[PDB]
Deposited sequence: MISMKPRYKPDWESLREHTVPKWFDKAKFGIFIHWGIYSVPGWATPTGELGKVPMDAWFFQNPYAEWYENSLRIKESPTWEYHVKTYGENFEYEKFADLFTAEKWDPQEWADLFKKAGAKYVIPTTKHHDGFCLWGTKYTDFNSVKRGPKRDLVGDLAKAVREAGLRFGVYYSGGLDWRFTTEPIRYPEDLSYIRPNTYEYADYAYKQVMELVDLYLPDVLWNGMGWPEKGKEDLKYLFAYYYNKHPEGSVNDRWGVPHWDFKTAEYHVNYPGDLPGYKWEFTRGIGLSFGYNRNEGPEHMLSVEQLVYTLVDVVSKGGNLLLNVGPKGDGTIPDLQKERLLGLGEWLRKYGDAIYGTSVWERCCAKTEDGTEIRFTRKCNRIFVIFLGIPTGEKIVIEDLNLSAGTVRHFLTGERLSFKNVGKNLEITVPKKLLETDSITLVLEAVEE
């Protein structure tokens, strides 16, 4: 009755679970002691000059790394705000999560249209948000005096959502003293010890035994000395939980989905923040965040290209989700409540994309015979010409109302008439439906 064996050839048998492929949209949570200072220079996105990136790091979870660079703006801010005698470690005692309600979060992610949730159980600073027995630097012994991963796991599952775990396998600044100043530094500033490979193995195993997560989401690769451990760990995981899944940031020959942070025959997932960082950043306002309209557009783009969206939320150290983020999540969810059928459970079509003469981008998703045509915007006119597309027969109709639409092939293109009556009832995106 155990199906999976501990070797890569055997672990290939485990394909991406249907629930994940159908889920389309999940929530990432970067929440730690780094949330307490919750500070970073909001420079930009990947592809900002990577030479200065670590010196002007827009990722607020990297606070400790930035704090270790004395030249950095983070060091100035830390000394000015907390003093030079305040070690990063001490944020664990200020990290109280006093106003945290896990069910409010789970409900928020549900209403946002999210189908799975993945919190940082341990990020690069090595602080663990569960009562792990392999370090005392955890949320049960320090600040919150509470198993944050567990109580969130109960909340997300009770809300009917899948629960995955993020674990920083590659980096752990409890095991190094120097900061990362350039990308090349990452090739040698790592724990490197056999001890650490055991520590990571033991910890992810502990996560598996305690919470049996639906996703194992690893960050920054797996320690070279422990890479062979993963075939034992995957087999173990899958045999306990066949519908479990695993990302592609381990550095070994197996993964269930690829990740991207900037039509394919494999399942993948785009991850990004609502803002510029993953962890809470005070300095971010609306100018640094995507709008409800842009989130929708992104989500539709990714789904049409075969991917999920893993949108990150960065809560404050008190356990509340900033109104700027909550606002955008509820907006996305309001579009999903309305157009979900065109997203959830869909498949890629023969092409991802097309455009009008007016310049409006178009994205396609499939649901057996039903082909959704999702416009990235609402054309201000009845006559709509789609460039380079033909339809041989059948019935094209307006998705939201169900009203039949007149259409015909004009050479390479396809003309469709959509009455203003119908275009005016749509929100953010005109959606059509063919057969």
Handout entry: Deposited-sequence ranges lacking C-alpha coordinates, in sequence order
Key = 1-4, 52, 268-274, 448-449
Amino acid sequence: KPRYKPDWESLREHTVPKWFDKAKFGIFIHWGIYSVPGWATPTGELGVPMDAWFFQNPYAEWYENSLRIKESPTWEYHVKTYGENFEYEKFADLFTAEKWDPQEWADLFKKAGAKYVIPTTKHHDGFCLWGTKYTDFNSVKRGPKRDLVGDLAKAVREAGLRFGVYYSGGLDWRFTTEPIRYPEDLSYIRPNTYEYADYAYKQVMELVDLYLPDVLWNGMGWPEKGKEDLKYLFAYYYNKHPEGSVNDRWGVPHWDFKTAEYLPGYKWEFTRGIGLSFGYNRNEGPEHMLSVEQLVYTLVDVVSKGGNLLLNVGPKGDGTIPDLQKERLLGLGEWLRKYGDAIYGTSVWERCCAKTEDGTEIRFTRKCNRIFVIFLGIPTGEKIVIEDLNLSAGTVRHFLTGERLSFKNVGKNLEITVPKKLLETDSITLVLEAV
From here on, numbers count along this sequence of modelled residues.
Practice task
Name the higher of the two by mean Cα B-factor in the PDB entry, 85-93 versus 232-240.
Solution key: 85-93
Exercise for the section: Take the C-alpha B-factors listed in the entry for 183-191 and for 324-332, compute each mean, and give the stretch with the larger one. Expected result: 324-332
Completion exercise
Looking only at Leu67, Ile27, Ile384, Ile33, the Cα with the top B-factor belongs to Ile384
Practice task
Tell me, lowest, middle or highest third: where does the Cα B factor of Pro73 rank within its chain?
Solution key: middle
Fill in the blank from the handout: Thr298: CA B-factor among chain residues, third -> middle
Fill in the blank from the handout: So, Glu357's CA B-factor, relative to its chain, sits in which third? The highest
Handout entry: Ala153 by Cα B-factor - lowest, middle or highest third of the modelled chain
Key = middle
Fill in the blank from the handout: Of the three thirds of the chain ranked by Cα temperature factor, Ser304 occupies the middle
